[PDB]
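All remarks here apply to the structure that follows.
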Amino acid sequence: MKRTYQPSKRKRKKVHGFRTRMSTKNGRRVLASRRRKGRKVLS
Amino acid sequence: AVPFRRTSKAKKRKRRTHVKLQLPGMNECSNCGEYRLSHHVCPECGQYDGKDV
Amino acid sequence: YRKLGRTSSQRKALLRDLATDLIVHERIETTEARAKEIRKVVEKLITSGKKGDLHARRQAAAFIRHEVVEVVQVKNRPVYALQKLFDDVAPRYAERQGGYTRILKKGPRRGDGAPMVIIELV
Amino acid sequence: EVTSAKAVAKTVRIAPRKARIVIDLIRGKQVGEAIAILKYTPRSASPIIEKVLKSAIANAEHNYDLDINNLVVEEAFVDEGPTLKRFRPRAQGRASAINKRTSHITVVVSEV
RNA sequence: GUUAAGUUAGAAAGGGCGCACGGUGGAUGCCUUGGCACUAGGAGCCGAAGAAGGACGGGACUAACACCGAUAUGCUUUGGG
RNA sequence: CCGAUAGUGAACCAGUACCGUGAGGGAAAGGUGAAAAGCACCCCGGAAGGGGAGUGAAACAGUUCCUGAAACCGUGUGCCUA
RNA sequence: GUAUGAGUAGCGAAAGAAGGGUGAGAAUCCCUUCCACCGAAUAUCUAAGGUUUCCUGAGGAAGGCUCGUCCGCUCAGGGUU
Ligand SMILES: [Mg+2]
Ligand SMILES: [Mg+2]
Ligand SMILES: [Mg+2]
Ligand SMILES: [Mg+2]
Ligand SMILES: [Mg+2]
Ligand SMILES: [Mg+2]
Ligand SMILES: [Mg+2]
Ligand SMILES: [Mg+2]
Ligand SMILES: [Mg+2]
Ligand SMILES: [Mg+2]
Ligand SMILES: [Mg+2]
Ligand SMILES: [Mg+2]
Ligand SMILES: [Mg+2]
Ligand SMILES: [Mg+2]
Ligand SMILES: [Mg+2]
Ligand SMILES: [Mg+2]
Ligand SMILES: [Mg+2]
Ligand SMILES: [Mg+2]
Ligand SMILES: [Mg+2]
Ligand SMILES: [Mg+2]
Ligand SMILES: [Mg+2]
Ligand SMILES: [Mg+2]
Ligand SMILES: [Mg+2]
Ligand SMILES: [Mg+2]
Ligand SMILES: [Mg+2]
Ligand SMILES: [Mg+2]
Ligand SMILES: [Mg+2]
Ligand SMILES: [Mg+2]
Ligand SMILES: [Mg+2]
Ligand SMILES: [Mg+2]
Ligand SMILES: [Mg+2]
Ligand SMILES: [Mg+2]
Ligand SMILES: [Mg+2]
Ligand SMILES: [Mg+2]
Ligand SMILES: [Mg+2]
Ligand SMILES: [Zn+2]
């Protein structure tokens, strides 16, 4: 069986990365709401 | 294949009437004078039938 | 005869190992039900040593394993198990008819409660 | 003055039901005979109960000055202790509980 | 004393009820380091002189919290004690 | 107004551990004693753990340690039971 | 939180045997001989992925579907030119 999660370093950073969040009006909203909860890790 | 009612403490204790284990068949060595199993080589004095195997 | 929890191929390969250790070391350590089966195959193997024929030697050579019991400094000549059976163990029992082995009970083993014994060659 | 001595073993890693089956053999017997009984019973609780019974004998003669040749066993019981809770992965993503149970063992020896 | 007829006790492999003594478990009682709702007064912004928020570091031993930033568990000055 | 299942999710290194590719979801966990005075020393044991000795008002307060109910598990015994 | 089912199902494809050693303790740890299994692989490299699992010295509470003197586990030091 081939499962759903096939890890990759580059594919993770270029979809859910930080610089991907900061290049969108709605992406910068995700970091804004994760700072409100005071989460330890952003992106 | 699934229990219908739980088992009471009386019935659970009655069933274990025969779940005991027997007393070993030990004996007394003539030479070293301590307890020993019948038909077995004495472990400590290390002999059997007085031959010191 | 009795099986020993193993298939026909592995049973024969086990009786040949145990029967050879009892020849080489003269005192071994097996379980009770396992020592009551190499009792038969060892005495039937001393008997071939009390004949001494080439025919009997070739027949027993098909059961003994092939390992050096000890090296004799004659020039070094390793001594094999078949030579020990036909030159040393066999002449010892020239007068006794049967029963070249005795079995002595020891007590249960810690790991699995198996009943252990001592089987000697005397 | 003092007529009996005791020893306990807190939090031994054996299930109480398995150790309770060997205790019933040595209840009411002389210490010399009871030690042999635990020697020739091929259970896993024998080396533990044997090591507790000998300890109760030891401080029965060093602390209270009794006789090792005139002792019996009158009290012997096994109590429960803090169980450890684990899991075992079963089929189809489910899990099942496993209880790793401990026990307390007490032996009391006295003159007769 | 034997025979025949008859009558009645006792038992525990184990179990039930009462009591005594323990083990596990964490309720209840007492307590507060933390919260909730408001009153009076103050204040209602920070940033290209680099922000809010972080990464990595600094101790004799340093994994973590707190403090600080290669001048890194602190530097200068003015007052209190 | 609450008093540790209550009061903030968070009285304790809590938006933590854990779950999810991600947005996101999100816990459990307070109390020795007034004072560590936290059990020199002797005995059983490989150790753990015990039995004396000692500190303490209390050790049946001994590093989940104030109080310690119920379910649940045992030992002994007065009456009854094939 | 704790029971009943109950000391019941299970212990996840497979050939081991004996003799020495260490040790409080050995079917399960080390050494030796014999036997058996894979061999267009159950062999040798190297990507992705993991992120210290790698070496030495100590340890046996928990983890290892048993035992363990052992370990991809615990502790302390090292190791990537
Ligand atoms: Mg893509
Ligand atoms: Mg074949
Ligand atoms: Mg599911
Ligand atoms: Mg699955
Ligand atoms: Mg009765
Ligand atoms: Mg307040
Ligand atoms: Mg504004
Ligand atoms: Mg300027
Ligand atoms: Mg930091
Ligand atoms: Mg530090
Ligand atoms: Mg000053
Ligand atoms: Mg709460
Ligand atoms: Mg409370
Ligand atoms: Mg994740
Ligand atoms: Mg306090
Ligand atoms: Mg003590
Ligand atoms: Mg000692
Ligand atoms: Mg101690
Ligand atoms: Mg005392
Ligand atoms: Mg006093
Ligand atoms: Mg008091
Ligand atoms: Mg008092
Ligand atoms: Mg108080
Ligand atoms: Mg308490
Ligand atoms: Mg109660
Ligand atoms: Mg439970
Ligand atoms: Mg059944
Ligand atoms: Mg069945
Ligand atoms: Mg297997
Ligand atoms: Mg051996
Ligand atoms: Mg082959
Ligand atoms: Mg890599
Ligand atoms: Mg290694
Ligand atoms: Mg284990
Ligand atoms: Mg390691
Ligand atoms: Zn003897």
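We place every Cβ from the backbone using ideal geometry, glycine too, and count neighbours over all the protein chains shown. Each reported figure results from applying straightforward, stated rules to the coordinates on display, with no laboratory input.
Return the residues of region B:1-26 that are more than 10 Å from chain D (Cβ to nearest Cβ) and more than 16 Å from RNA strand E (Cβ to nearest atom); say none if nothing qualifies.
B:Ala1, B:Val2, B:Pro3, B:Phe4, B:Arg5, listed by residue number.
Go through region D:1-25 and give me each residue that's facing chain B (nearest Cβ under 10 Å) and surrounded by 14 or more Cβ atoms within 10 Å (Cβ to Cβ).
Selection gives D:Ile21, D:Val22, D:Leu25.
Within region A:13-37, track down each residue that is under 8 Å from the mean Cα position of the chain (by Cα) and either part of a loop (DSSP other than H, G, I, E, B) or surrounded by 11 or more Cβ atoms within 10 Å (Cβ to Cβ) (or both). Spell out the reasoning first.
Residues of region A:13-37 under 8 Å from the mean Cα position of the chain (by Cα): A:13, A:15-18, A:20-21.
Answer for region A:13-37, where residues must be under 8 Å from the mean Cα position of the chain (by Cα) and either part of a loop (DSSP other than H, G, I, E, B) or surrounded by 11 or more Cβ atoms within 10 Å (Cβ to Cβ) (or both): A:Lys13, A:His16, A:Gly17, A:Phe18, A:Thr20, A:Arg21.
Among residues belonging to region C:1-40 that are among the acidic types (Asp, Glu) and in a loop (DSSP other than H, G, I, E, B), point out the one that is farthest from C:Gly107 (Cα to Cα).
Only one residue fits best here, namely C:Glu26.
Restricting the search to region D:68-112, which residues are within 12 Å of RNA strand G (Cβ to nearest atom) and in contact with a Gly (Cβ under 7 Å, 6 or more places away or on another chain)?
If the condition is that a residue be within 12 Å of RNA strand G (Cβ to nearest atom) and in contact with a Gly (Cβ under 7 Å, 6 or more places away or on another chain), then D:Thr102, D:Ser103 are the ones that fit.
Within region C:43-81, work out how many residues are hydrophobic (A, V, I, L, M, F, W, C) and out of contact with any strand residue (DSSP E or B) (no Cβ under 9 Å at 6 or more places or on another chain).
Applying the first criterion (hydrophobic (A, V, I, L, M, F, W, C)) to region C:43-81 yields C:45-46, C:54, C:56, C:60-64, C:68-69, C:71-72, C:74, C:79, C:81.
Adding the requirement that they be out of contact with any strand residue (DSSP E or B) (no Cβ under 9 Å at 6 or more places or on another chain) leaves C:45-46, C:54, C:56, C:60-63, C:74.
Residues in region C:43-81 being hydrophobic (A, V, I, L, M, F, W, C) and out of contact with any strand residue (DSSP E or B) (no Cβ under 9 Å at 6 or more places or on another chain): 9 in total.
Name the one entry in D:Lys54, D:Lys85 that is of a type outside the set (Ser, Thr, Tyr) and either within 28 Å of B:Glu34 (Cβ to Cβ) or within 14 Å of chain B (Cβ to nearest Cβ) (or both).
D:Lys54 is the lone residue from the list that is of a type outside the set (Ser, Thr, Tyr) and either within 28 Å of B:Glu34 (Cβ to Cβ) or within 14 Å of chain B (Cβ to nearest Cβ) (or both).
Look at A:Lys40 and say whether it is charged (D, E, K, R), part of a loop (DSSP other than H, G, I, E, B) and more than 15 Å from RNA strand E (Cβ to nearest atom).
Details: charged (D, E, K, R): yes; part of a loop (DSSP other than H, G, I, E, B): yes; more than 15 Å from RNA strand E (Cβ to nearest atom): no.
So A:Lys40 fails the test.
I want to confirm something. Restricting to region C:9-31 and keeping residues that are within 14 Å of chain B (Cβ to nearest Cβ) and loosely packed, with under 15 Cβ neighbours inside 10 Å, which single residue is farthest from RNA strand E (Cβ to nearest atom)?
For region C:9-31, the residue satisfying everything is C:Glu26.
Do we have C:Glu43 as in contact with a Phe, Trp or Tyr (Cβ under 6 Å, 6 or more places away or on another chain), of a type outside the set (A, V, I, L, M, F, W, C) and not in a loop (DSSP other than H, G, I, E, B) here?
In short, yes.
How many residues, within region B:30-42, are within 11 Å of chain D (Cβ to nearest Cβ) and either of a type in the set (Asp, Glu) or surrounded by 15 or more Cβ atoms within 10 Å (Cβ to Cβ) (or both)?
Residues meeting the conditions: 5.
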